[PDB]
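Participant: coordinates for the following, if possible.
(one chain, ligands or ions: 1)
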Amino acid sequence: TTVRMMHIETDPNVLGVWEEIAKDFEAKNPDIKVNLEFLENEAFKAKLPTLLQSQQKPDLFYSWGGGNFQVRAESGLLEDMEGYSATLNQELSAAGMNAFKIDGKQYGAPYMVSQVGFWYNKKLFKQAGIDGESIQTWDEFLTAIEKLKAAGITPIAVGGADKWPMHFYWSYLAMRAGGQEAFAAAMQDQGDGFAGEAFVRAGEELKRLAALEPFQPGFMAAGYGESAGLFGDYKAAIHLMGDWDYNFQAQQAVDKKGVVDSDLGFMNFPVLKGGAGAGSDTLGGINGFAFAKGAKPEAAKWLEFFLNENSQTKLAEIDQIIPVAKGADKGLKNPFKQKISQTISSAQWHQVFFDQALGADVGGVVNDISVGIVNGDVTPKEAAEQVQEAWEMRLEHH
Ligand SMILES: O[C@@H]1[C@@H](O)[C@H](O[C@@H]2[C@@H](O)[C@H](O)OC[C@H]2O)OC[C@H]1O
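Facilitator: Residues are numbered from 1 along each chain as shown. What follows is the structure:
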C-alpha cells in the first residue's frame, strides 16, 4: 500500500531526515510505501479547499489545527483514526493529541509546538548601541527601533506580501494589551468582542511602529523567504518569527550560514504599558498532520513511526522542532531551542496563531488589516470592527 503525506517543508536537512525515517520505516514494513508530497505554504493553504473535495486526496496533510481544522472535522472532510491511535497516544503528549481530537474522534496527530518571538542580530545591535537583553517593554522596543534607524540599519525584516508575518505584530500586541481574558471574550463575541479596546490598542501600537518606517524597502512585495534571507544576510536587525526561523534564515542566507550563534539573539515579545497580558504568554501553536477522509490505516502506521521518540529526537537535534513525542525533549541541546522550549512549557497562555485560530475567512481579515494598518489604509478602530464583524457572521453561519 502507498501512503501519501502532503507537506510544506523546504529545508534540505529536515527533508533528508524525513527521508531517512521513511527509508527505515519501509525496511521494517515492506508492505507499505511512503510518498512525501511538497506544496509551498501559501500555495498549500490556497489549494487545500479544492483538494479536500477531490476524489484523489493524500492520506495526510499538514495542519495548524485551529478554525479550519474544526470546520473540516465537523463537515466530514477528515477521517476518524481513533481505532488506530493507541500507539500514537502512548508516544505523544496528550495535549498534542487533544489538539487534533474533536468529539472523541482522532482526526490527526501533533508534530511540533512553536513560539513566535524576536530573532535579532547582536552585531547590528552593538553598532546601533542597543543591549538586546534590556528590552522588556514595547516602549523600549520602539526606542531600539529608533536607534537602529538613526544608525542607518534596516530595523526589521517582514514578509509583507504573505501578510501573516505582519499579523504576528498585531496579534501579540492584542495579547499584551488585553490578556487571555479579552481574547476569550472576543471568541465568544461577548461585549465588544474583537472590536474591543485591546484590539484597537493593538492597531494603535502597530501604527506607532509603522510610523518609524522600520521595515525593509519593498516589504509589501517581499515574501517570507526573501525577508528571512535579508535577516540571514545581516541586512536587517530584527525578525519576528516562529522558532523554525533558526534554520530558515541560514538556508535563505547567501552564505548558507546566516546569523551565526555568537551574533544571534532571541527575545520574547515585550510587555505593554497599561496592558493586561503577561510577558510569558506565547504566540505559537501545535502543528501536526490531519487525516483526509478516506485515509488508509497504513497512514496511521506511518505516522506512529514518523512521530516516535527517535524520529522526533533527530528533528530536535537538527534544531528544527520543539517536539511533541515524550522523551524527545532530550534532543533540545541547542541553547536557543532549550530556552524557547522552557518558555512554551511555562506559559499560562499559549495562543495559536490568530489567522489559524480564526479560520481562513476571519483569519484572512486579520492578515489583511495587519498590513492595512501599516500602510495607512485602515484605522485601528476600523480594522478591529472588521474582525469582529466577520467573526460574528462566521458564528452565525455555522
Ligand atoms: O498562516 C501562517 C502559516 O502559514 C505559518 O506556517 C509556518 C510555515 O511558514 C513554516 O515553514 O513552518 C511553520 C508553520 O507554522 O505559520 C504561522 C501562520 O500564521
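Participant: for the ligand, give me its nearest residue in the stretch 201-350 of the chain.
Facilitator: Closest to the ligand within the stretch 201-350 of the chain is residue 244: 4.8 Å, counting by Cβ to the nearest ligand atom. For the C-beta atoms, the positions are set from N, CA and C on the backbone; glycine is no exception.
Participant: from residue 144, how far out is that residue?
Facilitator: According to Cβ to Cβ, to the nearest Å, residue 244 stands 24 Å off from residue 144.
Participant: got it, and residue 175?
Facilitator: From residue 175 to residue 144 the distance is 20 Å (Cβ to Cβ).
Participant: what of residue 37?
Facilitator: 42 Å.
Participant: who's more crowded, the two?
Facilitator: More neighbours surround residue 144 than the other of residue 37 and residue 144, with 24 against 12 (other Cβ atoms under 10 Å).
Participant: wait, the more buried one touches residue 137, no?
Facilitator: No: if you go by Cβ atoms under 8 Å, residue 144 and residue 137 don't touch, sitting 10.6 Å apart.
Participant: which residues touch residue 189?
Facilitator: 388, 391-392, 395 (Cβ atoms under 8 Å, 6 or more residues apart in numbering).
Participant: centre of the chain to stretch 143-154, how far?
Facilitator: Centroid separation for stretch 143-154 versus its chain: 27 Å, with Cα atoms, centre = their mean, to the nearest Å.
Participant: which stretches in the stretch 151-300 of the chain count as strands?
Facilitator: Along the stretch 151-300 of the chain, counting by DSSP state E, counting those that start in this stretch, strands occupy 238-242, 264-267, 282-291.
Participant: just put those strands in a markdown table and tack on mean neighbour count and distance to the ligand.
Facilitator: As requested, the strands of the stretch 151-300 of the chain are arranged in a markdown table below (neighbours: other Cβ atoms under 10 Å; distance: least, Cβ to the nearest ligand atom, whole Å):
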| stretch | mean neighbour count | distance to the ligand |
| --- | --- | --- |
| strand 238-242 | 24 | 6 |
| strand 264-267 | 18 | 16 |
| strand 282-291 | 25 | 5 |
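Participant: export the ones you listed as JSON lines, with columns for distance to residue 163.
Facilitator: Output for the strands of the stretch 151-300 of the chain, formatted as JSON lines (distance: least, Cβ to Cβ, whole Å):
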{"stretch": "strand 238-242", "distance to residue 163": "13"}
{"stretch": "strand 264-267", "distance to residue 163": "23"}
{"stretch": "strand 282-291", "distance to residue 163": "16"}
